[PDB]
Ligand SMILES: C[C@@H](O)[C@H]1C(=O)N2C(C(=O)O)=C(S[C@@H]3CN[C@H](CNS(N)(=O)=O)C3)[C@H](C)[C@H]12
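Before any questions on binding or motion, here is one chain by itself as structure tokens, the form deposited without the named molecule.
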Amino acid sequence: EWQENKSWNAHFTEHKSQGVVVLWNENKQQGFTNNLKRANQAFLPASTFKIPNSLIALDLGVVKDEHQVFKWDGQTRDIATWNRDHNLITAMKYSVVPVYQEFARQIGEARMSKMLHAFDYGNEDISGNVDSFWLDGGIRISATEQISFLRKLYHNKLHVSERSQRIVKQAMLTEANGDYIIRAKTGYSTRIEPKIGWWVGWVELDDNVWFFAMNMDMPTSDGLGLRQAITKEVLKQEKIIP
């Protein structure tokens, strides 16, 4: 069952933006969103693709473990945190595109395409350059499709090893306190219109898990913090987090 709650639109309208939040109550097997149409519209995954990409790289041995160091190639890029060595944890934390571009090149088109089909991931379409198709190629995924994929990951039901899934879930760790744990991944798609921000993941509670996937129009990088801020406002409203 799916329930549309247009009152959440206020959280976007209050910030002069437009977007969708999708929530899934795992215990009750019920979904909620402010906009059923946009919840099923497919966008470039951008850096949210680092979840499947990490899973594939680990399962194929491209990445040995979460400690393996991926040395900076010495080319200065405009994101300072990218101009440094990384492991899987920090590369995910700082959305380090060039590290993941190298993963994708080593994975190769054929294994990447097969694995995305095995994951049932979005439109499963890698057309474009193997090292950038999630930024400007043919792959597309909706917020509801993000939740389906994340639910499989949470339950270790993706067609990769349990180890690979545990490591990626560790790398997704974003926030943790005495009340909840958030494992999630941000995304920012700019190369094809409309420019959007993503935040996808889930909130672990003592007795339930709430999956979430949001995207929102992002004409400038100034609004990027709204991805988390809007999502948390919905979570607060629904009494999922304090």
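In this text, residue numbers run from 1 along the sequence as written.
Another form exists, solved in complex with the named molecule; not displayed. Remarks below refer to it.
For this ligand-free form, the site is classified open because the named molecule, superimposed from its arrangement in the deposited complex, keeps every atom beyond 2.4 Å of the backbone and C-beta atoms. The closest heavy atom approach of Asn27 to the named molecule in the deposited complex falls within 4.5 Å. At the 4.5 Å threshold, heavy atoms of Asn177 stay clear of the named molecule in the deposited complex, well away from it. Taking the partner from the other structure, the named molecule in the deposited complex has no heavy atom within 4.5 Å of any heavy atom of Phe211.
Among heavy atoms of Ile181, none comes within 4.5 Å of the named molecule in the deposited complex. Of the residues in 195-217, those that come within 4.5 Å of the named molecule in the deposited complex through at least one heavy atom are, in sequence order, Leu205, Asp206, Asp207, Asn208, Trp210.
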